[PDB]
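Alright, here's a single protein chain in two forms, structure 1 and structure 2, each given by itself as structure tokens.
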Structure 1
């Protein structure tokens, strides 16, 4: 015949619960969330206050520093040591000009001396910071070629005419060669030469040694590959022509697989501040003392008022030092507790009857 199939689905009788939110069931949930979130916020704020960091901005080292050691203005450095809340002890810097380099926009060497009154346990990250450098714009952030990242010897059209991510403005020079790392992302790299150690000023017998290995994810070496170009099909980008003046030849074409600072730079920072790891030390604790960092200024940042700096930290489990997560967990817990108390107050004031068939809108009129 035509009788429909009787089944819990087609008759809409699926097994189910019907959660009515009465006070006796919601107020305990509110209080449970409140207590859990307040506990977690307290633990996060505790374990985050213990994070110590050192930030120094050295963009003004060519014009504000002298040839002898002088204190850094207070607007540049920012020390945070939890055991020492009142530790000013301003750092000092000294500019060692370099008259051979003819790139007078930024040249020389900024020597920075800081003093850490406590340790940094066994895993010390030295990043660099860049402010007001816009690496999130539409044309810039898409100007690279994943045929060259992945190792291929992409021809001119594969590199310049590709859809989406294509090194369009920097695809080929005048001579007819393909800029090897093409696009505005690789061409505009960060150029300062950070040192492979923190010179110990106090006792120069033991310098703190930093490395540039393991500063990027080990899984990035599946995506970045040594190029298969031929030193006659590639030239360096227009801004790598102080690093490779004679061009590319048999032994200088960069291996972008082990070049981990490149793999850090080709990951454009989403926002206006850019903090990229550049030196790590995963072996030794950094004991208290006065250290010295010899940065070799190369990268111009004053033509756009940008700042560049260092940021030495040990870190945390949740990243660096940021009071936000604990603050907002405490705020969430306190808001849930306040709403539970408010519902309890109004429910002991104007508490109505629950299953009252007399409160129905038709039994009242």
Structure 2
């Protein structure tokens, strides 16, 4: 007949647990969430305070550094060593002008000499820090060619007029050749030639190696693949034309599949601080000692008053020294205990009790 299906879903009677938030259940829950997060707030800062980091900003080598060794001023270097034994000693820095680069806005070689008192563990990450560089703007972050990233010999039409991500201001140059790493992102590539070693000075004179292999994710070689251009239809980007002065040969096209500094730079940073891996050493522990780092200065940052730096770290599983997660899990545990202390001391020593059914309509 015309009778609805009594199947306990049309009857609105399903298997509910139906919680009622009485203080005999929620006050254990606030106690549980608090006592978990002060343990996680304890265990994070037990891991996070032990992280050692070296932050040396070198944007002022070409001005504020002599050819002899002077100390870095207090603003540029930041040292963190939780074994507080050599934390106040300044690193030193010279500048070899080389007189032949003829660019004169950012040239030379800033040689940075720092001293670490504690040995960083077996994974040492050398990052470059860029403050005030604006890698997160609308036209910037959409300026590349995914088909050029995937090694396809893309024509001018598929790099210029592509939907969404396309290399609009930098599709091709004056004489009609497209740019192979076209776009503002690949044009804006952080130049500075970091060394393939940290040359240990004085005490040992055995150089601590730094590889440029393994700098990006290993799975990122599935979208960065070797290009298929015939070397006559491509050109380097207009700010790459000093590292490729005669354009491209038949042999000097960069394989972006194994050129991982490109693969880190083609991942634009989200904020006004860019920190990208450039040199790793997975093999060796870096002992305590005085190291020299020879940065060929080529990437100019002073015209936008921005900082340009170095981040030497063995970051933890959380990555980097950032006290935010430890402070928050403590604040999360200290609020969930204080809100339990409020909702228990207002519950007993004054307040109300669940003793009546005469609280609704009396």
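The term rigid core refers to the maximal set of C-alpha atoms that superpose within 1.5 Å between the two forms. Positions refer to the first chain, counted from 1.
**Q** Which of these moves by 2 angstroms or more at the C-alpha between the two structures, core superposed: 163, 204, 104, 251?
**A** Once the cores are aligned, the residue moving by 2 Å or more is 204.
**Q** Can we say the CA of residue 24 moves by at least 2 Å between the two structures when the core is superposed?
**A** The answer is no, as the C-alpha of residue 24 shifts between the two structures by less than 2 Å after core alignment.
**Q** Does residue 348 move appreciably between the two structures, meaning a CA displacement of 2 Å or more on the superposed rigid core?
**A** The answer is no; the displacement is under 2 Å.
**Q** Once the rigid core is matched, what's the CA displacement of residue 315 between the two structures in angstrom?
**A** For residue 315, the C-alpha ends up 0.7 Å from its position in the other form.
**Q** Superpose on the rigid core and then read off how far the CA of residue 85 has moved between the two structures, in Å.
**A** Displacement of the alpha carbon, after core fit: 6.1 Å.
**Q** With both forms put on the same core, how far apart in Å are the CA positions of residue 357 between the two structures?
**A** Displacement of the alpha carbon, after core fit: 2.1 Å.
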